[PDB]
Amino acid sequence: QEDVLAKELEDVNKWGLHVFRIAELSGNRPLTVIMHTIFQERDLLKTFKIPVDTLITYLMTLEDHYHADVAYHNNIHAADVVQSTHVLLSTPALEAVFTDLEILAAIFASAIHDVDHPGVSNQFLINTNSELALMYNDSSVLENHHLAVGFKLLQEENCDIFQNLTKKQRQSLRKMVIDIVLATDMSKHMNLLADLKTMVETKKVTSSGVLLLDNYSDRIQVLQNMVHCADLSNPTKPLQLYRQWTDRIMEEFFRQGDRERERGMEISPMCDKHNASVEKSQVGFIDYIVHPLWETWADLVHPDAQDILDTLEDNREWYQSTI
């Protein structure tokens, strides 16, 4: 009866999980069911003494603060970034290299990293003197808000899934989550990438193949770029998944650019439904953002990202052929 959903969830460790089906089958609860699954799969419930009712309560409360009428930045994208991060943590070239806490931080960060997203960009909120941009002084406006909401919901009744962490564990986790989610701001992508390249060229490895990071500065930079890769992972997924992500982001962009066209603002790139090319935008997005980032990641974890980089370059070739 649920074995449909339970059998899809069987793919939780595979790139290209059937996240849109899992959303439909779970009762529009992909974030809740996928997080629940991923915690079991790595046994985080018993490693950190999380009451299961408390996990589900938090997850469902969290998922509820993702906007169902926002086409891209909703609970499905959160579920997909969670699950993506989860695979990238299990890559050979990085195994047993992060704590149970650093693992908990990256996955919790992925889950909350877009919560309460209103469907419009940081630049839109800035230009419209929004209450959000006023609160956060125009700097990483959305990303600060996702964090603040993600942490605030822990205080709702029976939602504190970190109640049995030590207090310095809670402090360490809190800081890592903030560093990670703030890194999802696209205005930080360029410097985040140069730092990733830097680490790649001066990289160090073991005999079995596993990577050598000695200080927090470098390890959080990897977890940052990791969740950042998961956030920009849509063009690396199988094409039938990627295409649905393209429909959704463009719906959201167009729904934004309409509001910029009433208000009389410059319509943002790719948001003018009357002049944009959906396909050319994907090729540029791949050429200039996704492929530079994922090529560098693939080096860092070489061999491990080749099947992912493979799919990305196929998907790029296909989108180009539609032009």
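C-alpha atoms forming the largest set that superposes within 1.5 Å between two forms make up the rigid core. Numbering starts at 1 and follows the sequence shown.
- Query: Taking C-alpha RMS after core alignment, which stretch differs more from the shown form in 8 other deposited structures of this protein: 108 to 116, or 205 to 213?
  - Reply: Stretch with the larger root mean square C-alpha distance in 8 other deposited structures of this protein: 205 to 213.
- RMS CA shift, core-fitted in 8 other deposited structures of this protein, bigger for 24 to 32 or for 259 to 267: Comparing 259 to 267 with 24 to 32, the one that moves more in 8 other deposited structures of this protein is 259 to 267.
- Query: Going by the B-factors listed in the PDB entry, is the mean over the C-alpha atoms higher for 214 to 222 or for 92 to 100?
  - Reply: Looking at the recorded C-alpha B-factors, 92 to 100 comes out higher on average.
- What stretch has the higher average Cα B-factor here, 73 to 81 or 205 to 213? Taking the mean B-factor of the alpha carbons in each, 205 to 213 is higher.
- Residue, from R263, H65, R255, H291, that the PDB entry assigns the highest Cα B-factor: By C-alpha B-factor in the record, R263 ranks first.
- Deposited CA B-factor, highest of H228, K152, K167, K237: Among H228, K152, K167, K237, the highest C-alpha B-factor in the entry belongs to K167.
- Message: Test of reading the entry: by CA B factor among the chain's modelled residues, which third contains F48?
- Response: It belongs to the highest third of the chain when residues are ordered by C-alpha B-factor.
- Query: Against its chain's modelled residues, does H86's Cα B factor rank lowest, middle or highest third?
  - Reply: For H86, the deposited C-alpha B-factor lands in the middle third.
- Third of the chain, ranked by Cα B-factor, where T198 sits: Tercile = highest for this residue's CA B-factor.
- Message: Going by the CA temperature factor in the PDB record, which third of the chain does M35 belong to: lowest, middle or highest?
- Response: Ranked within chain, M35 CA B lands in the middle tercile.
- Relative to the other modelled residues in the chain, which third contains the C-alpha temperature factor of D310: lowest, middle or highest? For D310, the deposited C-alpha B-factor lands in the middle third.
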